[PDB]
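A short write-up of the structure that comes next.
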Amino acid sequence: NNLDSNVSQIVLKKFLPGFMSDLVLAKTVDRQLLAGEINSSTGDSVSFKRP
Amino acid sequence: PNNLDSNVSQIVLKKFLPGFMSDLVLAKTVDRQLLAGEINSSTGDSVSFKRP
């Protein structure tokens with residue numbers, strides 16, 4: 001009868017897994033042309049020529 | 001309050017973007033050796049080949 005004070009409420013130190021997404025578009029778009037071209041001197045924007 | 005747009009310059013890089021084009025198969029397939037070099041100064045503007 002009334003043994004509640006003997007036991008204690010415990011929370012385990014385990015995190016349940018969640019939801020994750022995948023990334024494929026960032027690895028396919030071109031990144032070599034616009035690589036470091038925007039500097040302190042260049043400013044806000046940079047431009048490329050057209051054929 | 002800061003207005004630093006006159007400390008920089010607008011730069012146009014020296015690179016060209018790709019464009020478009022098409023393939024050529026009709027030029028390669030048709031015959032070219034028969035008519036090559038036959039038309040010259042002494043042949044006017046036409047030359048003929050016989051028939052079987």
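Please treat every number below as a calculation from the coordinates, not as lab data. As a convention, Cβ positions derive from the backbone with ideal geometry for all residues, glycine included, and neighbour counts pool all protein chains shown.
Residue pairs whose Cβ atoms lie under 6 Å apart, separated by 6 or more positions or on different chains, with the first residue in the stretch A:23-38 and of a type in the set (A, V, I, L, M, F, W, C) and the second surrounded by 10 or more Cβ atoms within 10 Å (Cβ to Cβ) and in a loop (DSSP other than H, G, I, E, B), are A:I38/A:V46. Once the stretch B:2-22 is narrowed to residues that are farther than 13 Å from A:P51 by Cβ and among the small types (G, A, S), the residue that is farthest from the other protein chains (Cβ to nearest Cβ) is B:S22. Anything in chain A that is part of a loop (DSSP other than H, G, I, E, B) and of a type in the set (S, T, Y)? List them, or say none. The answer is A:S5, A:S8, A:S21, A:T28, A:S40, A:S41, A:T42, A:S45.
Scanning the stretch A:24-42 for residues that are within 22 Å of B:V12 (Cα to Cα) and of a type outside the set (A, V, I, L, M) yields A:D30, A:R31, A:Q32, A:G36, A:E37, A:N39, A:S40, A:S41, A:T42. Within the stretch B:6-52, the set of residues being aromatic (F, W, Y) and surrounded by 10 or more Cβ atoms within 10 Å (Cβ to Cβ) comprises just one member, B:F16.
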